[PDB]
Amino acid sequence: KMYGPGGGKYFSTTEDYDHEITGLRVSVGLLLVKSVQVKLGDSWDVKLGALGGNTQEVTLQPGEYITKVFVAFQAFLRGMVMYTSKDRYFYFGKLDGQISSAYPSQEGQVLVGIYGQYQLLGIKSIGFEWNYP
């Protein structure tokens, strides 16, 4: 469920039937992952987290799901790696701090949301919602 030292303002991505995560954007400053943003179908969901940084955009091909995520913390979320069902990885930031593994406890489940806590400087805490397409 919830990774990091935490404390902050709670966020969670919009979770929808009829619409899945088709893409994603993570904002990274010089060091910290500031904010995340999922595209749900043909529309970017609200952008959640600290302001600022450079935003990496990543686009899932149809039928491609996020199935696992590594996350590194250091007072603030430094880095995140997402692996998909098409043998594709997406690196954001640098994996340095305390690495942690998020995966579904069940088979064929895939990333449906992201949630956590953030403050002014970036994200203090992150977690992932798994579920069938």
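Note that residue numbering follows the sequence shown and begins at 1.
Higher mean CA temperature factor, per the PDB entry, when comparing 97-105 with 82-90: 97-105.
As listed in the deposited structure, the average C-alpha B-factor of 47-55 and of 70-78 is greater for 47-55. In this PDB entry, the Cα temperature factor of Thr22 sits in the top third of its chain's modelled residues, the highest group. Among all modelled residues in its chain, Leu60 ranks in the highest third by Cα B-factor. When the modelled residues of the chain are ordered by C-alpha B-factor, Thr13 sits in the highest third. Annotation for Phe128: CA B-factor lies in the lowest third of the chain's modelled residues.
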